[PDB]
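Source file structure-v2.pdb; content: PDB, C-alpha atoms.
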```pdb
ATOM      1  CA  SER A   1     -22.442 -13.247  -7.523
ATOM      2  CA  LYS A   2     -20.030 -10.731  -6.009
ATOM      3  CA  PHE A   3     -16.433 -11.431  -7.027
ATOM      4  CA  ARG A   4     -13.043 -10.458  -5.620
ATOM      5  CA  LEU A   5     -10.018  -9.923  -7.870
ATOM      6  CA  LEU A   6      -7.198 -12.420  -7.346
ATOM      7  CA  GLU A   7      -5.023 -10.841 -10.034
ATOM      8  CA  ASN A   8      -5.150  -9.141 -13.410
ATOM      9  CA  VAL A   9      -3.191 -11.391 -15.793
ATOM     10  CA  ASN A  10      -2.391  -9.445 -18.989
ATOM     11  CA  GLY A  11      -5.776  -7.751 -19.076
ATOM     12  CA  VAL A  12      -7.767 -10.809 -17.950
ATOM     13  CA  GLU A  13      -9.391 -10.377 -14.538
ATOM     14  CA  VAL A  14      -8.921 -13.530 -12.468
ATOM     15  CA  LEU A  15     -11.903 -13.552 -10.098
ATOM     16  CA  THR A  16     -13.364 -15.757  -7.388
ATOM     17  CA  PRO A  17     -16.535 -15.380  -5.300
ATOM     18  CA  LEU A  18     -16.036 -12.952  -2.404
ATOM     19  CA  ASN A  19     -16.049 -15.570   0.346
ATOM     20  CA  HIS A  20     -14.461 -18.423  -1.598
ATOM     21  CA  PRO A  21     -11.537 -20.061   0.273
ATOM     22  CA  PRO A  22      -7.991 -18.910  -0.556
ATOM     23  CA  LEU A  23      -6.599 -19.809  -3.983
ATOM     24  CA  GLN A  24      -3.094 -18.288  -3.768
ATOM     25  CA  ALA A  25      -1.510 -21.761  -3.993
ATOM     26  CA  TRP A  26      -3.059 -22.212  -7.456
ATOM     27  CA  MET A  27      -1.783 -18.930  -8.910
ATOM     28  CA  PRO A  28       1.167 -20.367 -10.890
ATOM     29  CA  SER A  29      -1.175 -22.914 -12.509
ATOM     30  CA  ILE A  30      -3.822 -20.260 -13.178
ATOM     31  CA  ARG A  31      -1.232 -17.933 -14.731
ATOM     32  CA  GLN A  32      -0.019 -20.688 -17.048
ATOM     33  CA  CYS A  33      -3.580 -21.564 -18.062
ATOM     34  CA  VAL A  34      -4.455 -17.912 -18.751
ATOM     35  CA  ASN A  35      -1.164 -17.407 -20.595
ATOM     36  CA  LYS A  36      -1.858 -20.386 -22.858
ATOM     37  CA  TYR A  37      -5.519 -19.490 -23.383
ATOM     38  CA  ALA A  38      -4.637 -15.887 -24.223
ATOM     39  CA  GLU A  39      -2.168 -17.147 -26.850
ATOM     40  CA  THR A  40      -5.034 -18.537 -28.956
ATOM     41  CA  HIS A  41      -7.873 -16.146 -27.999
ATOM     42  CA  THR A  42      -6.573 -12.776 -29.159
ATOM     43  CA  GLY A  43      -7.938  -9.441 -30.266
ATOM     44  CA  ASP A  44     -11.649  -9.055 -29.669
ATOM     45  CA  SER A  45     -11.738 -12.759 -28.712
ATOM     46  CA  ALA A  46      -9.533 -12.339 -25.642
ATOM     47  CA  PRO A  47     -11.458 -13.335 -22.507
ATOM     48  CA  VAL A  48     -12.552 -10.512 -20.241
ATOM     49  CA  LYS A  49     -12.328 -12.542 -17.046
ATOM     50  CA  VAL A  50     -11.802 -16.023 -15.671
ATOM     51  CA  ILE A  51     -13.704 -17.253 -12.603
ATOM     52  CA  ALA A  52     -11.694 -19.683 -10.476
ATOM     53  CA  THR A  53     -13.447 -21.985  -7.996
ATOM     54  CA  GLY A  54     -12.787 -25.220  -6.133
ATOM     55  CA  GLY A  55      -9.130 -26.018  -5.535
ATOM     56  CA  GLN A  56      -9.458 -27.405  -2.025
ATOM     57  CA  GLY A  57      -8.356 -30.802  -3.315
ATOM     58  CA  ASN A  58      -6.380 -31.492  -6.459
ATOM     59  CA  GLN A  59      -8.912 -29.970  -8.891
ATOM     60  CA  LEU A  60      -9.715 -26.370  -9.842
ATOM     61  CA  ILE A  61     -12.492 -25.073 -12.117
ATOM     62  CA  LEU A  62     -11.780 -22.133 -14.450
ATOM     63  CA  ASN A  63     -14.600 -20.403 -16.361
ATOM     64  CA  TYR A  64     -13.362 -18.176 -19.190
ATOM     65  CA  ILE A  65     -15.870 -15.420 -19.970
ATOM     66  CA  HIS A  66     -15.693 -13.494 -23.255
ATOM     67  CA  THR A  67     -17.443 -10.382 -24.472
ATOM     68  CA  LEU A  68     -21.062 -11.073 -25.399
ATOM     69  CA  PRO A  69     -20.427 -11.220 -29.191
ATOM     70  CA  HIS A  70     -17.738 -13.841 -28.512
ATOM     71  CA  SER A  71     -19.652 -15.751 -25.832
ATOM     72  CA  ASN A  72     -19.698 -18.880 -27.980
ATOM     73  CA  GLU A  73     -16.050 -19.103 -26.873
ATOM     74  CA  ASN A  74     -16.908 -19.226 -23.151
ATOM     75  CA  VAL A  75     -15.513 -22.373 -21.554
ATOM     76  CA  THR A  76     -15.445 -24.201 -18.249
ATOM     77  CA  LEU A  77     -12.192 -26.124 -17.794
ATOM     78  CA  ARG A  78     -10.964 -28.415 -15.034
ATOM     79  CA  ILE A  79      -7.289 -28.488 -14.085
ATOM     80  CA  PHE A  80      -5.333 -30.674 -11.686
ATOM     81  CA  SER A  81      -2.560 -29.778  -9.278
ATOM     82  CA  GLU A  82      -0.549 -32.920 -10.073
ATOM     83  CA  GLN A  83      -1.559 -33.710 -13.666
ATOM     84  CA  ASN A  84       0.342 -31.411 -16.005
ATOM     85  CA  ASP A  85      -0.001 -30.434 -19.689
ATOM     86  CA  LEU A  86      -1.874 -27.217 -18.993
ATOM     87  CA  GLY A  87      -0.873 -26.356 -22.557
ATOM     88  CA  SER A  88      -3.251 -28.933 -24.008
ATOM     89  CA  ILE A  89      -6.269 -28.240 -21.792
ATOM     90  CA  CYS A  90      -5.945 -24.424 -21.727
ATOM     91  CA  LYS A  91      -5.509 -23.893 -25.487
TER      92      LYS A  91
END
```
Translate the structure described by the file into C-alpha cells.
Amino acid sequence: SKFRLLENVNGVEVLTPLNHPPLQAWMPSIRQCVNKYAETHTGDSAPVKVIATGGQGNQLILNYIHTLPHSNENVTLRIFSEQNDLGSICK
C-alpha cells in the first residue's frame, strides 16, 4: 500500500506500488489518459491521484481516485498499448 510517484501530471499524482515493475514506457499513454480525464473532471471533481499497475503486456490498469466527497467518480480503466482512442475510454 506504499506508492512511489511516477510523475505529477497537472496536479494529479501518478502513482504505482513501490516495487511494481517499471512503467516509463507507458508514460505517453498515461499522460494522454490523464489529460483527457482532467478535461471532464474539473474543479473539486479533479482526481487527486491515479494508480497505474500492470503494463507488462499490452494492457495497463489506471485507477482514478477522487476526494472523498467525489468518490462516486472513482474509476478503474483498462488501456491498451496498441488499441488507440484513449479519448473515448479516458473521458
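Nearest-residue note for residue 18 (chain A): choosing from A:64, A:38, A:2, A:89, the minimum distance belongs to A:2, counting all atoms listed in the file.
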(request) For the structure shown, which residues end up in the PyMOL selection byres ((chain A and resi 58) around 10)? Put them as a ChimeraX atom specification, please? (result) /A:26,54-57,59-60,79-83
(request) Choose the residue, out of A:27, A:5, A:86, A:14, that has the smallest atom-to-atom separation from residue 65 (chain A); count all atoms listed in the file. (result)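 Ranked by minimum distance to residue 65 (chain A), first place goes to A:14.
CA of residue 63 (chain A) is positioned 5.0 Å from CA of residue 51 (chain A).
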Suppose a student applies the PyMOL selection byres ((chain A and resi 75) around 12) to this structure; what residues should they get, written as a compact mmCIF listing (two decimals) with C-alpha atoms, keeping the file's coordinate frame?
```txt
# COMPACT_ATOMS: atom_id res chain seq x y z
CA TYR A 37 -5.52 -19.49 -23.38
CA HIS A 41 -7.87 -16.15 -28.00
CA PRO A 47 -11.46 -13.34 -22.51
CA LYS A 49 -12.33 -12.54 -17.05
CA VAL A 50 -11.80 -16.02 -15.67
CA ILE A 51 -13.70 -17.25 -12.60
CA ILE A 61 -12.49 -25.07 -12.12
CA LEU A 62 -11.78 -22.13 -14.45
CA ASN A 63 -14.60 -20.40 -16.36
CA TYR A 64 -13.36 -18.18 -19.19
CA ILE A 65 -15.87 -15.42 -19.97
CA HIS A 66 -15.69 -13.49 -23.26
CA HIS A 70 -17.74 -13.84 -28.51
CA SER A 71 -19.65 -15.75 -25.83
CA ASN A 72 -19.70 -18.88 -27.98
CA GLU A 73 -16.05 -19.10 -26.87
CA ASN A 74 -16.91 -19.23 -23.15
CA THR A 76 -15.44 -24.20 -18.25
CA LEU A 77 -12.19 -26.12 -17.79
CA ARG A 78 -10.96 -28.42 -15.03
CA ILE A 89 -6.27 -28.24 -21.79
CA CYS A 90 -5.94 -24.42 -21.73
CA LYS A 91 -5.51 -23.89 -25.49
```
Build an axis-aligned box that encloses every atom of region 40-59 of chain A listed in the file, pad it by 8 Å on each side, and report its centre and edge lengths in Å to one decimal, as AutoDock Vina command-line options.
```
--center_x -9.4 --center_y -20.3 --center_z -16.1 --size_x 24.7 --size_y 38.4 --size_z 44.2
```
(message) Here is a test: counting only C-alpha atoms, which residue of A:85, A:67, A:53, A:36 is nearest to residue 4 (chain A)?
(response)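 Nearest candidate to residue 4 (chain A) out of A:85, A:67, A:53, A:36: A:53.
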